[PDB]
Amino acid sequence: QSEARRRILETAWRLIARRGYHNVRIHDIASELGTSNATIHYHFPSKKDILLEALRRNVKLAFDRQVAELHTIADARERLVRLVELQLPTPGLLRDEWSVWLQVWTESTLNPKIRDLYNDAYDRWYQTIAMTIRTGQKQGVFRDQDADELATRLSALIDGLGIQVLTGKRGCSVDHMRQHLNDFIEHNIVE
């Protein structure tokens, strides 16, 4: 019955994502599930553990989702395109993941455990970007530029465009972030 652990985290994630980690009380979590404040504090002794474990659980889900989205795509350009696609804050789960990212970025600057966890996860996905570039390079489908300098650009761009979408910048949308990213690719990465 560590099932109840998981319901607590799935609820916590969703509430942190939609209301803001700091506006969520443990009693908001219990209300949603019908358990007691005491139940929730048994599994997660503080609110910080709640964020840390919900985040760890989602970073696992996102990566699996990614692996299975790219299980066998031989073509290095389609891979990079779909990687880009997996990063768009489409309505629902991916939009929710972005919401947490934004929160995790400020917590990072204050919290070494959240900072560590966030850096491993980012680092892993960044290594995935660069690899795909080195692979696309070796096929001669991509230009021979420092793959790292390139993955840095590409991943910084995805993050900046994401913010523009989530903050409601005029004429931004998920549709427009996708066009933009695909153009950075066609014109700056592709041979």
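Note that residue numbering begins at 1 and tracks the sequence as displayed.
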Taking the deposited Cα B-factors and averaging over 132 to 140 and over 151 to 159, the higher mean is found in 132 to 140
Which is higher in the entry, the mean Cα B factor of 170 to 178 or that of 8 to 16?
-> 170 to 178
For the listed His41, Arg124, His27, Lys60, which has the peak Cα B-factor recorded in the PDB entry?
-> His41
Lowest, middle or highest third - CA B-factor, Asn111 = middle
Divide the modelled residues of the chain into thirds by Cα B-factor and specify which third, lowest, middle or highest, holds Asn37.
-> highest
Quick tally, chain-level thirds of C-alpha B-factors: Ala74 sits in the highest
Which third of the chain holds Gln145 when residues are ordered by C-alpha B factor: lowest, middle or highest?
-> highest
Taking the chain's C-alpha temperature factors as the reference, tell me which third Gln66 falls into: lowest, middle or highest.
-> middle
